[PDB]
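Residue numbers (PDB author numbering), protein chains in the order written: chain M, 50 to 147; chain R, 2 to 125; chain E, 56 to 210; chain e, 2 to 64.
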Amino acid sequence: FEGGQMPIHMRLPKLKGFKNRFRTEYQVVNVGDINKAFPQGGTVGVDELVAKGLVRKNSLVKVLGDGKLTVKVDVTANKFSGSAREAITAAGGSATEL
Amino acid sequence: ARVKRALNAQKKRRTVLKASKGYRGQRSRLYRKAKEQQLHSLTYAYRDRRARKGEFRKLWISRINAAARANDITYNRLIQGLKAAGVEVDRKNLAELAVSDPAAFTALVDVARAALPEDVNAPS
Amino acid sequence: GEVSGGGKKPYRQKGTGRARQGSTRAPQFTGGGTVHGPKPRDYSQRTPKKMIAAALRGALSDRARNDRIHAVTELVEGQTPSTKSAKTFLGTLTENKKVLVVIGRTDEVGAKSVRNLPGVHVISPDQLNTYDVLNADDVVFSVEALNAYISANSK
Amino acid sequence: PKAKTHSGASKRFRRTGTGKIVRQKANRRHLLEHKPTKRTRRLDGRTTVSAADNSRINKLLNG
RNA sequence: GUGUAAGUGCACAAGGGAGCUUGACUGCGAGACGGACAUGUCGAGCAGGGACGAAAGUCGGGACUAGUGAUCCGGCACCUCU
RNA sequence: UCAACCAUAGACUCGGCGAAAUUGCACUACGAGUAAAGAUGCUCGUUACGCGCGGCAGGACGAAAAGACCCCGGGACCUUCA
RNA sequence: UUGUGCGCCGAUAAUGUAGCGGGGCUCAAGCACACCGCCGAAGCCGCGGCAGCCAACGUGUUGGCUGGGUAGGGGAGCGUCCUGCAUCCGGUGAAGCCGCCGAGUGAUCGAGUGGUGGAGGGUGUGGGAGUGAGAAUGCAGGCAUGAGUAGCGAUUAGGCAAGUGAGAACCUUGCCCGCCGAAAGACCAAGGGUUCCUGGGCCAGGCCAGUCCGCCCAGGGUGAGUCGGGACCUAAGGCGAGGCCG
RNA sequence: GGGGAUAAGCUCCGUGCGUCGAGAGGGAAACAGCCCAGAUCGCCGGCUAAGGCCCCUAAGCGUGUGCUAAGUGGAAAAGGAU
RNA sequence: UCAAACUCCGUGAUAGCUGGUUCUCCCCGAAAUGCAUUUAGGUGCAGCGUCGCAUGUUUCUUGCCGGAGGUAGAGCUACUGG
RNA sequence: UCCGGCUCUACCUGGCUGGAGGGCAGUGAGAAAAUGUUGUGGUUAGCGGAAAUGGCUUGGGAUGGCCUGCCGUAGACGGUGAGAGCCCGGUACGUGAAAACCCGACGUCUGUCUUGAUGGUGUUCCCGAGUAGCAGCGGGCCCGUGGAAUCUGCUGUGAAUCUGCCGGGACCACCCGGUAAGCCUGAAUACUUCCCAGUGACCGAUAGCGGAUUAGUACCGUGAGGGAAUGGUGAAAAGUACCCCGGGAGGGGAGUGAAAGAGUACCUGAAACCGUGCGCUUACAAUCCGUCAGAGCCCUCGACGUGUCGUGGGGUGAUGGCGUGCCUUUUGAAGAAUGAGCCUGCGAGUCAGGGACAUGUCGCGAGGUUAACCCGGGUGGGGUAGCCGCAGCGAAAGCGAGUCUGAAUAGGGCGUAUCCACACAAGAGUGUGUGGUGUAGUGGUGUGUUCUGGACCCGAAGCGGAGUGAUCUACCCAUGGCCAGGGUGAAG
RNA sequence: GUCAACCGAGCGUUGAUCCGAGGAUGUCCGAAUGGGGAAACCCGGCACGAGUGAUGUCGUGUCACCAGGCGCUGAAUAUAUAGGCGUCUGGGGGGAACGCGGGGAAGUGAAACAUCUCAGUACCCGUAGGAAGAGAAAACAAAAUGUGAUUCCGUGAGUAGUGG
Numbered sequence: 050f051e052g053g054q055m056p057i058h059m060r061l062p063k064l065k066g067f068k069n070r071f072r073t074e075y076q077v078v079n080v081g082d083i084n085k086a087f088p089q090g091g092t093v094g095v096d097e098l099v100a101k102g103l104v105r106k107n108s109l110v111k112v113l114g115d116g117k118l119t120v121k122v123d124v125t126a127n128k129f130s131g132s133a134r135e136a137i138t139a140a141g142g143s144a145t146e147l
Numbered sequence: 002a003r004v005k006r007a008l009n010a011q012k013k014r015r016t017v018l019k020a021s022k023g024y025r026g027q028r029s030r031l032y033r034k035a036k037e038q039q040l041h042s043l044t045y046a047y048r049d050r051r052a053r054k055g056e057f058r059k060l061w062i063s064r065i066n067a068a069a070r071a072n073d074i075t076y077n078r079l080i081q082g083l084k085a086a087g088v089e090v091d092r093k094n095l096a097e098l099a100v101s102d103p104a105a106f107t108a109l110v111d112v113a114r115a116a117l118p119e120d121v122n123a124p125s
Numbered sequence: 056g057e058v059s060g061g062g063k064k065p066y067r068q069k070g071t072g073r074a075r076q077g078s079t080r081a082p083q084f085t086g087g088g089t090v091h092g093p094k095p096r097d098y099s100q101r102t103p104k105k106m107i108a109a110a111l112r113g114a115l116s117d118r119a120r121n122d123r124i125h126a127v128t129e130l131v132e133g134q135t136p137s138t139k140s141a142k143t144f145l146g147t148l149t150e151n152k153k154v155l156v157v158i159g160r161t162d163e164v165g166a167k168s169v170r171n172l173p174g175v176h177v178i179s180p181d182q183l184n185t186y187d188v189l190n191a192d193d194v195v196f197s198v199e200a201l202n203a204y205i206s207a208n209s210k
Numbered sequence: 002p003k004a005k006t007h008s009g010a011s012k013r014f015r016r017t018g019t020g021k022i023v024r025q026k027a028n029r030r031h032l033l034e035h036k037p038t039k040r041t042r043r044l045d046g047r048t049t050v051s052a053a054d055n056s057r058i059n060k061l062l063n064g
């Protein structure tokens, strides 16, 4: 309540659009944490990630190439990004998505 | 859990009403009436503590001045003279002299007579 | 709002001379409602498992370093309680006023024996806690109890 | 019980990554027949909330 | 005299007149004013695509300030959004 | 005009029983003035032996009633082509 | 004739001087210009104690600046009750209350002692609050001022002797007197419920007192073929089998 | 500076102007806003401001030179007057 | 008691309204203005306060240099009007 | 499984109607009644139950202090002449039921399948009708008529039986799931008039249930309905025998008693308030009633000396100066603005909640923490469903340390913890690419504000629902009674 | 028994007082129920029995209402029915909360207010039970090769959304 003048929450426009209730939010992992919790490299699945504690339990996972990559990893996820495709291509690994 | 309040009040009541033995009427029996008068009383004591200085100093001056004027000098010029002469005695003690020993006071009077300027109303 | 009565304006608003009143059970009366009173409430608070266990381990350490944790196989001879036995044995083993005893469930005879003593405050190690430890001066574990405690925590 | 949220403040106020508060701007819907385009163009986008109303808006959004 | 009230300006013309003409555009906008808040005002400069002009360059309405009304709810055209 | 006298119930005195509303205090003067603009309580002056009784009724902005006229806010009830 | 410094008249309201604050003052105690001193405040200084901010140093010392304060913000504390834990006093007298002597910068304190009195309390650390009253035309109880004042309930009017009695204006009797007399007399209904009689009684009550009373206690006492009602009848109206509507 | 009658203890604006509010103490006869001055507590210590020194009231019926005759001082106009 | 009784309950109705709100010390310490307002006695934001962190003299004062103003004043055959 | 008869009928088969061994089940929701045994199975009374007349002192009384012993499957609690493990009552523990009641247990009793089943194979018939559906008004579902499904109420209309029908948020086609309009169904869950046993950082006589006291009583109201007040002798009444004053109350002695400063008005026994004595002071004086100075008198402690000052202290205090109650609200109140007669007791920022934000503290630390619940005589262990963080931009698809707009690397917006070091470009305000330093959140708790709730306390006028009231008064009905006495003199 | 004493008179080891379970008696009003009624007080009938020279009186029982079953009759009126008569079993009212179905507000908040909210709460009705109601898919879901009656708790979620 603001005296009587039409408040901020009644004189500003509403935000535009909707939500698409059927949106699929993915849960991301970045290659930095791969290199920071896989010295030996190797196979990396959803459960291998859940172990180190980088994502949630009911996750639907995505992979992203922020950090450096020199370790070799046979990553398994749902969907990737082209930066991870290329970074795995350069560090010589298996980007075998699902 | 329930806390009767009796003691925690009785304390200050006892205090105040002890401190008002001499007052006259409802100022000497009743807490709601003696509390007020205690406010006024302590306040008037404070004020009088600051002002009895001026009271006594007034008194001392009247005594000094009458003593001097019976020795045929004014107060103002007496103090001019003692200031000039660097004499240090304060007024409480000048008055004590006036009461007890007027001879010594007359001697001091004479000192000031000696040490005053010649032409008191000069432009210096 | 729970007292008896008061649900009638006891007299007029005006003309009377006296004050304004709306119920005969309001706080300023004599018989009237408590205002902000006690109420039936819970006092539990949710301390976590890690803080609790840290407390207990630290407490047992405080006693151990000062050599107040004694062990024992049993307090009694076969299957007949006799408090005189346990009292003499605690006299052998201890002179302090108060003491804790940790005896399991099945070994009921030691419990039934040492229960009645003035100082003692017996416990099962499944409900081992901190107040009961710290209030004591000495602590008497059974060996079964130690083994259970340790192979229950350590894995 | 819980602290219920304010519909309008949720529908006309969002938060970014670093905790900023964001709104849109006014005089955009109707009577555009005479509003020059530059005036129509500084009103697009979003805008960070003022200082003075940040607190009020926090209290509306959260509870 | 300046389309319309008054002021500030205009002869270096922003007054008067003639020829082409649609920038009375689209996508933006550094930095600033004023500022309870929402509003409000100017804005060089970049890009496409143009007008005028020989070119330089000017044109994102009118000599400037007034000429209109937030939000919600609906309506019309277009979209490779659901 | 123009008021006078008389008798009874009271009122006054004595014996008995014995309340009340009201009340910040108190050994509670007057004047000219100052002040929230009408002072028992302040200033400057004047007057006054302490304590009571009957009586008057100028003040104590006297007692009674959280103004009934006015204004604001909320209600109520009444009306009408709201 | 100009300009000046003091002056005159104009001048004049109602409770009482009353337009110096008063007495009084021109033998200025009045105005002006210079001069000399002095009084004067919780100001400044001087001697001391506390405190906050900063700084320097050393295992909390000193120094400079600072310290009015309502709405209000922040910080640090006393006290009361119940409790966890450890210890101390207590029928060789706790608490509580009245005190005296003393203390703390303050809320307050006395493990400092006396009187009264008769069974629980204190201390340190933590916990939790129905946690501190002077005001709400505040609530409950008690007691004051008014006050030993107004009143003591009609317009009929009381009196003398004797009586019992501790005690008599009033209670019992005697003779007077006076009042109502279509009522202030005698009889019923409603209504009340022992108030009626006897005996005893007077700490409460009666607007005084009281041996008295509709007051107190115990006991006693109300008798119907024909009286007013029922068992006899019905009006207004009620209830209402079945019933109809909802 | 506006309105008002260039009246109001009137009303409305300005002001790195003030004080009161929230601020005591001294002076102003008494007197929230005026002048001085911004209270840590104590002292039977001293110096000063504003103001004032005949008595009430502590301090000078102070010094010098002139005016005042009206109790001016200790309210007042247009105007009048050897 | 009647411009729509009384009792219980909803109900501890609600009041931009009046009153009242209890122990101590230490430090700092205001405002009474602006825009809006079914609003003017209330409230929201800005203003002035304190607490904590950050930035360190950026604030303030005095001097000197640089800048626009159209006020007092004055002036008018330097315009508009008398 | 055997047979008895039956398939109208004698005969071969298929199909029924009976009994029999048997099995299954049973007081089940699935049919229903009683039966008699029956369990130290349970409830409805109870009972036993260990160990000090211990010693000295105090005291009226020892249950106290100190010193000696003991019991303990019993040191929980209470009472007893003062705190009692060893006095009493009772506890830990074990015992106990003729009768009735409840649990199952049985054998009765009752049915019930047994005359049977597994599968084959091609087509007709049935699969819950005034219903489902559609239209019109309406209810409630997150959903306020909206594009508004599903569930539904009243009217009106009104279909099919498996290539049938209903749903998967209008609708249509495909796929999916399911088979309405007939019916019953325990366990988990909610609640306490009453009863039994206990617990309390709950009250302790103005509190706590309104009610410790005759309490829904007395009293009030016609009536519904409101609705109070009053606890304590002492260890045990040993409750003052007796005498004196008095009419009696009441009291003084004598007594009881540890104490009558315990007398049935009684534990203690405050203040207001009411008085009696002792000292000072007060009748020429103008007083928010005090304060500063202080004469004089009276009391007291101490050093001394025939009475006497003092580093004194206390009560009164002539006289002088100064001095305009308290609170609230007000620009401003000593205020002739409000409130308060006085005392005593009672009376207002509280609680909940993984609520929100900010901040202290503690654990953990790129991780943190559990909820319901289960097990636990207790406060403890477990429980991964969940939530917060760890990447955002965008209306959305979507992309991703970048992304959105846009034709655009061409500028901008948002984001990439922050700083640090070197570069290149400009000084249109700095940017861009590298390198390393490496990111801190979460759960308890305390404080403050805050949201929802009566939300710091008291206060209306008045709105609504259900009932009580015409014995007063307004009007009407039914039925009775009352209106002295004297005048005028209409119609006929 | 007791507040609550006093007095009187007694009982009890042959087992009292006291406690528990079952029985008996159980005046009158009350759903109240023979009829009536101002609640607890007035009048009766029928069968039997007691009693008086007979009447009066007394005692024991029983007699209301509806719903259903059975039995007899079948009025106007022909079938035959409603109805009438007898018998048998049920129901009737009270209760502190808890439940299910139905009805169903208002002050309040919105700083006014009608839509909305307060609340389908309070209250009212009809019926229950020891618990109730719901309950066996004409359900969810999303192409996962899934789940498999219902209810109550935790979360999802103060979210998707709805809304002058």
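For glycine and all other residues, C-beta sits at the position ideal for the given N, C-alpha and C.
Assess contact between the stretch 189-208 of chain E and the stretch 17-33 of chain e, defined as three or more Cβ pairs (one per stretch) separated by less than 8 angstroms. Is contact present?
no
Taking CB distances under 8 angstroms as the criterion, tell me whether M/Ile57 reaches chain e.
Sequence index remark: in the first sequence, residue 57 of chain M carries index 8 (1-based). Judged by the 8 angstroms Cβ criterion, M/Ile57 is in contact with chain e.
At a Cβ threshold of 8 angstroms, is M/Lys117 touching chain e?
Numbered from its first residue, the first sequence carries residue 117 of chain M at position 68. Taking Cβ atoms only, chain e never reaches closer than 8 angstroms to M/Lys117, which makes this a no.
Give me the chain e residues within the contact set of M/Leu64, using Cβ-Cβ distance strictly less than 7 angstroms, ordered along the chain.
Here residue 64 of chain M corresponds to residue number 15 of the first sequence, with the count starting at 1. By Cβ distance, chain e contributes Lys12, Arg13, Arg15 and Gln25.
Look at the alpha carbon of e/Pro37 and the alpha carbon of e/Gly46, and state the distance between them as a whole number of angstroms.
By 1-based counting over the fourth sequence, the position of residue 37 of chain e is 36. By 1-based counting over the fourth sequence, the position of residue 46 of chain e is 45. One C-alpha to the other measures close to 17 angstroms.
Nearest residue (CA-CA) to E/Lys153, options E/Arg101, E/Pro82, E/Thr102 and E/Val195:
Along the third sequence, read from residue 1 onward, the residue named residue 153 of chain E stands at position 98. Taking only the C-alpha atoms, the option nearest E/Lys153 is E/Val195.
List the residues of chain e whose Cβ lies closer than 9 angstroms to the Cβ of M/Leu113, in chain order.
Taking the first sequence and counting its residues from 1, one reaches residue 113 of chain M at position 64. The contacting residues do not exist; M/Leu113 stays about 16 angstroms from chain e at best.
If you measure from the beta carbon of e/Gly9 to each beta carbon in chain M, is any gap under 8 angstroms?
If you number the fourth sequence from 1, residue 9 of chain e lands on position 8. At least one C-beta of chain M is nearer than 8 angstroms to the C-beta of e/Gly9.
Cα-Cα separation, M/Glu97 to M/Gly131
As a first step, residue 97 of chain M is located in the first sequence; it is residue number 48 there, counting from the start. As a first step, residue 131 of chain M is located in the first sequence; it is residue number 82 there, counting from the start. Straight through space, the alpha carbons of M/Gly131 and M/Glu97 are spaced by roughly 22 angstroms.
Between which two residues does the beta strand (DSSP E) carrying e/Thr19 extend?
Residue 19 of chain e sits at position 18 when you count from the first residue of the fourth sequence. Note, e/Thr19: premise wrong, no beta strand (DSSP E); not H, not E.
Tell me which residues share the same chain as M/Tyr75 and place their Cβ nearer than 8 angstroms to its Cβ, disregarding the 5 neighbours each side in the sequence.
As a first step, residue 75 of chain M is located in the first sequence; it is residue number 26 there, counting from the start. If we look at M/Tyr75 and ignore the five residues flanking it on each side, its Cβ neighbours are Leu109, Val110, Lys111, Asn127 and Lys128.
Check whether the Cβ atoms of R/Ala68 and R/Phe106 sit closer than 8 angstroms, and answer yes or no.
Along the second sequence, one-based indexing puts residue 68 of chain R at 67. Along the second sequence, one-based indexing puts residue 106 of chain R at 105. Yes, they are a contact pair.
Which of helix, strand or coil DSSP assigns to M/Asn79:
Walking along the first sequence from the start, residue 79 of chain M turns up at place 30. M/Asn79: strand per DSSP, three-state reduction.
Give the interface partners of e/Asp54 over in chain M, defined as CB-CB distance under 8 angstroms, in chain order.
Here residue 54 of chain e refers to the residue found at position 53 when the fourth sequence is read from its first residue. Going along chain M in sequence order, the residues near e/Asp54 (Cβ under 8 angstroms) are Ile57.
Contacting positions in the stretch 24-46 of chain e - beta carbon closer than 9 angstroms to chain M
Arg24, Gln25, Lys26, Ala27, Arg29 and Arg30
With a Cβ-Cβ cutoff of 8 angstroms, do E/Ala119 and E/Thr185 count as a contact?
Mapped onto the third sequence, residue 119 of chain E falls at position 64. Mapped onto the third sequence, residue 185 of chain E falls at position 130. Cβ distance not < 8 angstroms, so E/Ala119 and E/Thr185 don't count as in contact.
For the alpha helix (DSSP H) that contains e/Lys39, what are its first and last residues?
By 1-based counting over the fourth sequence, the position of residue 39 of chain e is 38. First-last of the alpha helix (DSSP H) with e/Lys39: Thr38 to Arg42.
Among E/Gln83, E/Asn151 and E/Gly165, which has the Cα closest to the Cα of E/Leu130?
Taking the third sequence and counting its residues from 1, one reaches residue 130 of chain E at position 75. When each option's Cα is compared against that of E/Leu130, the closest is E/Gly165.
If we call anything under 8 angstroms between Cβ atoms a contact, is M/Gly102 one with M/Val80?
The residue given as residue 102 of chain M occupies position 53 in the first sequence. The residue given as residue 80 of chain M occupies position 31 in the first sequence. Not a contact, by the Cβ cut-off of 8 angstroms.
For the stretch 6-19 of chain e and the stretch 158-176 of chain E, state whether three or more C-beta atom pairs, one from each stretch, are separated by less than 8 angstroms.
no
Is DSSP giving E/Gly62 helix, strand or coil here?
Numbered from its first residue, the third sequence carries residue 62 of chain E at position 7. Here E/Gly62 sits in coil by DSSP.
What first and last residue would you give for the alpha helix (DSSP H) that runs through R/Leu18?
Reading the second sequence from its first residue, position 17 is the one you call residue 18 of chain R. Unbroken alpha helix (DSSP H) run through R/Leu18: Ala7 to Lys19.
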